[PDB]
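Trainee:
Protein chains: 2
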Amino acid sequence: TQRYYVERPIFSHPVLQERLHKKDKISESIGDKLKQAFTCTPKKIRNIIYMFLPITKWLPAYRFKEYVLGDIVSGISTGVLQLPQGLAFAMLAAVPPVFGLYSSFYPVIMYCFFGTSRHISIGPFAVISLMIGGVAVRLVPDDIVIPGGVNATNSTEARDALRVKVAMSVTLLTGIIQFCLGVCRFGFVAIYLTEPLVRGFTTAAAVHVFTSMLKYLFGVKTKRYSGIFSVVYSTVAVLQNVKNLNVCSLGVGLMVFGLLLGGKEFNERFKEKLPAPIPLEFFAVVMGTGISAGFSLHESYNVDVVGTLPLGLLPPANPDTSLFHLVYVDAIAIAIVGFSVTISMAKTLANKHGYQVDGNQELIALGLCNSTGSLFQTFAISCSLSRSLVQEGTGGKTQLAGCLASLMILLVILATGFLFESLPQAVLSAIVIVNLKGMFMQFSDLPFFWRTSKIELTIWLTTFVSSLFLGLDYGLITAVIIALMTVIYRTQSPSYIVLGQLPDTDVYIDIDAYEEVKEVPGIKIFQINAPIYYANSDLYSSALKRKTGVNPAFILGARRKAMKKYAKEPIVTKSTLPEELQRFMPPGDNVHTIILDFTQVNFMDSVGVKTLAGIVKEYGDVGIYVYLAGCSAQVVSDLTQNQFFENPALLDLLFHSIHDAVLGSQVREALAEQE
Amino acid sequence: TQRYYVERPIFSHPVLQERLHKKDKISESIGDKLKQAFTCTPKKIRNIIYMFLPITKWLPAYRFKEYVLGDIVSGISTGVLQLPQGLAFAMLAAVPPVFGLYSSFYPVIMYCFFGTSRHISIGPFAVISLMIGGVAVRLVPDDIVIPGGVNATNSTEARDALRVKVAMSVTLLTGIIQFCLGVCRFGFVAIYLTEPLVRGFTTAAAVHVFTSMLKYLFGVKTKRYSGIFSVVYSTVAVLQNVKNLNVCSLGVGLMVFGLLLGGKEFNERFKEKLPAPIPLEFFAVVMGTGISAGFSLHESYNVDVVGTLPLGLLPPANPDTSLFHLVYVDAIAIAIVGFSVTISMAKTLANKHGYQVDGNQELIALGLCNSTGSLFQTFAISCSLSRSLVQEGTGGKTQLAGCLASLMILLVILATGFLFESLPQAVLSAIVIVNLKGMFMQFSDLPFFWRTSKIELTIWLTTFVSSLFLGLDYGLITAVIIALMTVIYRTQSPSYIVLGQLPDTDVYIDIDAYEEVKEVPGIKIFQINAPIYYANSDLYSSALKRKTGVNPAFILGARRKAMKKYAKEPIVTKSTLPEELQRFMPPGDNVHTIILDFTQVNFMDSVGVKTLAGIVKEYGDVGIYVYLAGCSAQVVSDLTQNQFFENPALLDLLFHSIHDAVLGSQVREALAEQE
Ligand SMILES: O=C(O)c1ccccc1O
Ligand SMILES: O=C(O)c1ccccc1O
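Line order of the protein sequences matches chains A and B. Under UniProt numbering, the letters of the first sequence match residues 13 to 581, 618 to 723, in that order. Under UniProt numbering, the letters of the second sequence match residues 13 to 581, 618 to 723, in that order.
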């Protein structure tokens, strides 16, 4: 009881207004501040070039102790991881794996020259490949064959060319759309991707990938399904055809699957901190191809194989621009999904070590990479989560690991040629399924969100459900919209409390919470921690009339009944209630004024102003004063703009704090009946 | 300087926590409070019957001085207004006007028995009629004729029966949907219809009605258009065919139009306060039919006529229930639009005089009326704004005016028969166009909303644009969604301010606003009036780092540069910055602590907790204390649920008010370097 001495006069609001003054701080040349730009300043031009060419700024910094070794090992690991699942992703899109090698090689080099994040991997990804394959299958069916060809029993060449052309058109459209969005400053919209939303979306994507690749794991041909309820159709189709499966492919697939799982757990347990982690996937693919070649499994048991792999490089070609009037919506979906995934991964990795990534620059770089890849026979690309985690978890410090991976894939595509020819698809399926474990383990957020807050749990569950059973684009859009309406719900159900004063102090807290706070006699205090706008205006009035226990309509009805039963034989804002006042007053409270807390109110609109005016008018008509405490500048401005401060007396109702309102009410009551 | 004496010790938060105690107030039998319901209490049963049968409660109150006269005149006016525009609305739906008379008669009686609002009119409405006509035309075209009929040159009878059957099926589906929504407590969702949204929607509807009825006014046959860009197609079609028009219909239409306009303005100016307003529309229709009969305009000039009107009553019939698998979406649209319009009108009229209307009860009553009307050959109904305003503006005090209108329309449909036979459609078009003036005048809200607040103006303009050029249902849904996203935008761009202390007091206000507030030496205060959640977490941190002028990264870089240049030859939360401290300190501020205002923050989530933890960690690493002032119970609970209060020292950072934080910082600084 030694500090916090105030001794200050009552500050209603006109008193504080006349106590203060005003400043101007008026800016000049409004709307023309940018007319001084585009000058010959060397610093500004240097900054612009640095912004649009990230490769220039992050390059002189080049140490040799551990940077080179870490970058080299990260490049080795990311290349040996990108090769087999790159082939698998190409194979998932009804396109030969050579285009997967092209997607692994071409755009990585360009993203090295254009890229803000320094720990992100670039490749074919999974969801993008699935959508490309679905579009190619739908637009070019497997039954329509032009008879003016080879006139053989079976021909699967013109169909492949048509699918490639469709994929190229879609990729070019996606790249153009991404570039246009990046230039137009549309990269700002990535803050709406909440963490549970991303977690649920990625878990649903992992489930989709697992279900899709199960059929290749078994080795049974099944027609491709795409659209609403795609996963359930695919799983019922594969379960219906479990019989007549291939035993050899299943056996080798489970063998490599178990080998990968055991090796990963052993490496996690083994003291490989000082050494470099071994390439499990590279060893797996080498062993698989060696066994298949040594046992001649293509004809001994009729197992599926990767097929012939042309050896060389192919000159650039101009893609068709006449199919755009059928593949415009799906291109938008691909661009949106890819941008969201890559920006989420980049932002998650950036906050970890030291820096922050730009949003629009990544979009522009991705669009440039997509367009130029489409120019060089390459389908759409995005950020792959597993490769990014591997690169970060190995020692990568820049995008030079991507360059090393590009050199590795160039060596593969110009040197081996025939080495990766006898490779069963079962090992690829096992590799992808094993890699899916990291995203499968993300189910642990259910109990944590159940314990912490049910809102995040609801967002997670809604995203997972809408992205699993329904489509992927529709799921993402609906999840974002629901992640937005969650805020409206949260502000539509606030916590109404009645305040009480701590003894001989100025602290007002919840009345039914601490057992030693008492109501000020004749005064009731109400608090709402939410803005008062159109969606929340009647609920506030109802809660005020109910929780405090003072209902003006009931008082008016009771008084009218009392008057009826007794008889047996330029602006005024406040009016007293005439009453005979002998014995008809009901036994209850004797509240004379109500104080409203407005410190927690952020904004108000016309509906809120109207409802406050109605509340004030009704309570003045009954005979109870109403005061507002703690109104901020924004709320005062909103009240002034609407026709509220006509000032018969309404300008004197405002107060700076709850204690000021209480003291003003007490002194006003003391001035009456005692003077 | 006489009042407001406090003299209270510093209340950080642990001090206040140990100063207080706790209560329980634990409820019992959670989730079983409703198991005591459905009892034999006479009061509860009486209240339930009153709730589900409004007609019982509001009936004994029956005075005779002015109630009877006002109700009678209101009924007269509403009936004479409902007849001609009822015929016009039936005619707009490609249905004979007899069904319009049925829609005027049948459901009004039932809404009298089921209805909360006591000043609302019931009838066919305009938008509903347009949608019914569009559906009937689309599903049953005007070119498909079954050859197995009369085999005449022209037959327009089976097509009419098909259109009637389609309308009946749609009406039955709408009634069923409305009843199901009303029972399921879905009537709560009407608070999202903001006033500018309703104004813009009604203005767009009025424009649609005017454009649609212009072609009937001219007298030129044109094919009906429905869908996206319907209004522009209709207007270009009617303007393309302005030639070969009918002069007689145009002449009579402008004659009656001018008569109505002049009569309405005269009545507004004339002292008809004591007398009863004359039925302008009834006189207009009487004069029109008299002139048409006396001049034989059907064959003298080939003008369009209402046609033959069968005289009698028709027995109930069971409608087809096999077309529901084509007319389910449009039924939903009709139900939603009708409910929204009627609830908006009822809520606007209810707040005026004395009472409030229920939401679910109106929905249930409307659904019952729609279904039973569909049983008795009646298309969909809703609330008509013009009739409601006329009934309110005449002296109506209950729904008995609807009963009088029902008796009037029964008299018309069983008595006249041949009287309203020679009636040109031009007079109906003029009557509807004249009635549209009230909704056309609603354009005056543009300057008011431009002056008051641009948010309401944006909502108004977006609703008008999306409901005029685009469809009506799509416009309404998109307008509701955009009105919802407005709140997200508003909370995404708050006002960041830096506070300053008034001399020798405890009032802290905007520093650059009043010219006599000074910064506390060595202390900076930041305030944000918005919740800190996922969509607004990085902007808050950036504003805090920029506006205050203390950037931790810049300080770290400068100190590292100084150290580099000088050399020429179980948990700890706060660490001091080691420095040689001779001449390398930059000339600037000397802030030692930062106080964050949290009175205006309503809620927080995981992202906000993470960003506050990051801010605190960074500023502690640099060497600046961070305090939080005014945190509420909800914010404290949100911080506790997430892993924030691990309590190395973080539990002592909280403070009850800004002045408490300032005093604590000052005493903490005084305790050092002086003791
Ligand atoms: O890399 C994959 O196979 C993958 C697929 C879907 C979701 C997350 C992923 O890492
Ligand atoms: O009654 C009408 O004709 C009308 C039509 C559209 C909008 C508002 C209206 O009052």
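Note that CB positions come from ideal geometry on N, CA and C, so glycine has one too.
Can you look up residue 530 of chain B in the DSSP assignment and give me helix, strand or coil?
Mentor: Position 518 of the second sequence, counted from the first residue, corresponds to residue 530 of chain B. Residue 530 of chain B: strand per DSSP, three-state reduction.
Trainee: Examine ligand 2 and report whether any of its heavy atoms sits within less than 7 Å of the Cβ of residue 323 of chain B.
Mentor: Against the second sequence, residue 323 of chain B aligns to sequence position 311. The answer is no for residue 323 of chain B.
Trainee: Since residue 536 of chain B is in the beta strand (DSSP E), which residue starts that stretch and which ends it?
Mentor: Numbered from its first residue, the second sequence carries residue 536 of chain B at position 524. That run of the beta strand (DSSP E) goes 535-539.
Trainee: Going by C-alpha distance, which of B:140, B:237, B:434 is nearest residue 306 of chain B?
Mentor: In the second sequence, counting from the first residue as 1, residue 306 of chain B sits at position 294. Nearest of B:140, B:237, B:434 to residue 306 of chain B, Cα basis: B:434.
Trainee: With a threshold of 8 Å between beta carbons, is residue 469 of chain A in contact with chain B?
Mentor: Position 457 of the first sequence holds residue 469 of chain A. False, the Cβ-Cβ gap to chain B never drops below 8 Å.
Trainee: CB residue 650 of chain A to CB residue 574 of chain B, shorter than 8 Å?
Mentor: Position 602 of the first sequence, counted from the start, is the residue given in the question as residue 650 of chain A. Position 562 of the second sequence, counted from the start, is the residue given in the question as residue 574 of chain B. Contact: no.
Trainee: Beta carbons nearer than 9 Å to chain B: which residues of the segment 486-497 of chain A have them?
Mentor: Those residues of the segment 486-497 of chain A that come within reach of chain B (Cβ to Cβ, closer than 9 Å) are 493, 495, 496, 497.
Trainee: Start and end of the alpha helix (DSSP H) containing residue 298 of chain A?
Mentor: Against the first sequence, residue 298 of chain A aligns to sequence position 286. Looking at the DSSP string, the run of the alpha helix (DSSP H) that includes residue 298 of chain A is 292-307.
Trainee: Among the candidates B:235, B:531, B:442, whose CA atom is the shortest distance from the CA of residue 225 of chain B?
Mentor: Sequence index remark: in the second sequence, residue 225 of chain B carries index 213 (1-based). Ranking B:235, B:531, B:442 by Cα distance to residue 225 of chain B puts B:442 first.
Trainee: Is it right to say residue 286 of chain B is buried, meaning 16 or more other beta carbons lie within 10 angstroms of its own, or is it exposed?
Mentor: Locating residue 286 of chain B in the second sequence gives position 274, where the first residue counts as 1. Per the 10 Å Cβ criterion, exposed.
Trainee: What is the DSSP secondary structure of residue 616 of chain B, counted as helix, strand or coil?
Mentor: Here chain B breaks off after 581 and picks up again at 618, leaving residue 616 of chain B without coordinates.
Trainee: According to DSSP, what are the bridge partners of residue 675 of chain A?
Mentor: By one-based count along the first sequence, residue 675 of chain A stands at place 627. Beta-bridge pairing links residue 675 of chain A to A:643.
Trainee: Measuring only between beta-carbons, confirm whether residue 203 of chain A sits less than 8 Å from chain B.
Mentor: Reading the first sequence from its first residue, position 191 is the one you call residue 203 of chain A. Yes, its Cβ sits closer than 8 Å to a Cβ of chain B.
Trainee: How about residue 93 of chain A and residue 293 of chain A: do their beta carbons lie closer than 8 Å?
Mentor: As a first step, residue 93 of chain A is located in the first sequence; it is residue number 81 there, counting from the start. As a first step, residue 293 of chain A is located in the first sequence; it is residue number 281 there, counting from the start. Yes, these two residues count as a Cβ contact at 8 Å.
Trainee: Residue 716 of chain B touches chain A at which residues, Cβ-Cβ below 9 Å?
Mentor: In the second sequence, residue 716 of chain B corresponds to position 668, counting from 1. Residues of chain A passing the Cβ test: none, with the nearest at roughly 12 Å.
Trainee: Against chain B, with Cβ distances strictly below 8 Å, would residue 655 of chain A count as a contact?
Mentor: As a first step, residue 655 of chain A must be located in the first sequence, where it is residue number 607. It does; some Cβ of chain B falls within 8 Å.
Trainee: Shorter than 8 Å from the beta carbon of residue 92 of chain B to some beta carbon of chain A?
Mentor: The sequence position of residue 92 of chain B within the second sequence is 80, counting from 1. No, because no Cβ of chain A sits closer than 8 Å to the Cβ of residue 92 of chain B.
Trainee: Using a cut-off of 9 Å between C-beta atoms, extract the partners of residue 704 of chain A located in chain B.
Mentor: Within the first sequence, residue 704 of chain A is the residue found at index 656, counting from 1. 519, listed in chain order.
Trainee: With 8 Å as the threshold, decide whether the Cβ of residue 372 of chain B is near any Cβ in chain A.
Mentor: By 1-based counting over the second sequence, the position of residue 372 of chain B is 360. It does not: the Cβ of residue 372 of chain B has no partner Cβ on chain A nearer than 8 Å.
Trainee: Locate the alpha helix (DSSP H) running through residue 552 of chain A, then write down its first and last residues.
Mentor: Residue 552 of chain A sits at position 540 when you count from the first residue of the first sequence. Here the alpha helix (DSSP H) through residue 552 of chain A covers 550-559.
Trainee: Run down chain A in chain order and give the residues with a C-beta less than 8 Å from the C-beta of residue 17 of chain B.
Mentor: Reading the second sequence from its first residue, position 5 is the one you call residue 17 of chain B. Simply 18, 19.
Trainee: Please look up how many angstroms separate the CB atoms of residue 375 of chain A and residue 193 of chain A, rounded, as I've assumed it's under 8 Å.
Mentor: On the first sequence, position 363 is the one that residue 375 of chain A refers to. On the first sequence, position 181 is the one that residue 193 of chain A refers to. Going by Cβ atoms, the distance from residue 375 of chain A to residue 193 of chain A rounds to 6 Å, so yes, they are a contact pair.
Trainee: In chain order, what residues of the same chain lie with their CB nearer than 8 Å to the CB of residue 28 of chain B, ignoring the 5 residues before and after it?
Mentor: Residue mapping note: residue 28 of chain B aligns to position 16 of the second sequence, counting from 1. Once the five neighbours on either side are set aside, the close Cβ partners of residue 28 of chain B are 704.
Trainee: Assuming residue 149 of chain B contacts residue 238 of chain B under a Cβ cut-off of 8 Å, what Cβ separation, rounded to an integer in Å, is found between them?
Mentor: For this step, residue 149 of chain B is matched to residue 137 along the second sequence. For this step, residue 238 of chain B is matched to residue 226 along the second sequence. That belief holds up - the Cβ atoms of residue 149 of chain B and residue 238 of chain B are roughly 7 Å apart, short of 8 Å.
Trainee: Find the residues of chain A that neighbour residue 35 of chain B, judging by a C-beta separation of less than 8 Å, and give them in chain order.
Mentor: Your numbering for residue 35 of chain B matches position 23 in the second sequence. Under the 8 Å cutoff, chain A gives 524, 525, 526, 527.
Trainee: Is the segment 478-485 of chain A close to the segment 511-526 of chain A, with three or more CB pairs under 8 Å?
Mentor: These segments do not touch.
Trainee: Just to check my reading of the structure: residue 567 of chain B and residue 552 of chain B have Cβ atoms closer than 8 Å, yes? What is that Cβ distance to the nearest angstrom?
Mentor: Here residue 567 of chain B refers to the residue found at position 555 when the second sequence is read from its first residue. Here residue 552 of chain B refers to the residue found at position 540 when the second sequence is read from its first residue. About 20 Å; that fails the 8 Å criterion.
Trainee: In chain B, which residues lie with their C-beta within 7 Å of the C-beta of residue 361 of chain A?
Mentor: For the purposes of this step, residue 361 of chain A is identified with residue 349 of the first sequence, where counting begins at 1. Result: empty, since nearest Cβ-Cβ is about 15 Å, beyond 7 Å.
Trainee: Output needed for residue 110 of chain A: all residues of its chain with C-beta closer than 7 Å, excluding positions within five of it in sequence on either side, in chain order.
Mentor: Counting from one through the first sequence, the residue named residue 110 of chain A turns up at place 98. Within the same chain, residue 110 of chain A has close Cβ partners 321, 322.
Trainee: Does at least one heavy atom of ligand 2 sit under 7 Å from the Cβ of residue 451 of chain B?
Mentor: Locating residue 451 of chain B in the second sequence gives position 439, counting from the first residue. Yes, the beta carbon of residue 451 of chain B sits closer than 7 Å to at least one heavy atom of ligand 2.
Trainee: Among the residues of its own chain, which have a CB less than 8 Å from the CB of residue 612 of chain B, if the five just before and after it don't count?
Mentor: Since the numbering of chain B jumps from 581 to 618, residue 612 of chain B cannot be located in this structure.
Trainee: Looking only at C-alpha atoms, which of A:405, A:165, A:311, A:507 sits nearest to residue 260 of chain A?
Mentor: Looking up residue 260 of chain A in the first sequence gives position 248. Nearest of A:405, A:165, A:311, A:507 to residue 260 of chain A, Cα basis: A:311.
Trainee: Just to confirm, is the Cβ distance from residue 535 of chain B to residue 641 of chain B under 8 Å?
Mentor: If you number the second sequence from 1, residue 535 of chain B lands on position 523. If you number the second sequence from 1, residue 641 of chain B lands on position 593. Result yes, Cβ atoms of residue 535 of chain B and residue 641 of chain B sit closer than 8 Å.
Trainee: Nearest-angstrom Cα distance between residue 453 of chain B and residue 241 of chain B?
Mentor: The sequence position of residue 453 of chain B within the second sequence is 441, counting from 1. The sequence position of residue 241 of chain B within the second sequence is 229, counting from 1. So the two alpha carbons sit approximately 24 Å from each other.
Trainee: Using a Cβ-Cβ cut-off of 8 Å, state whether residue 507 of chain A counts as contacting chain B.
Mentor: Reading the first sequence from its first residue, position 495 is the one you call residue 507 of chain A. So, interface residue.
Trainee: Short check: CB of residue 395 of chain A to CB of residue 357 of chain A, under 8 Å?
Mentor: As a first step, residue 395 of chain A must be located in the first sequence, where it is residue number 383. As a first step, residue 357 of chain A must be located in the first sequence, where it is residue number 345. Cβ distance < 8 Å, so residue 395 of chain A and residue 357 of chain A count as in contact.
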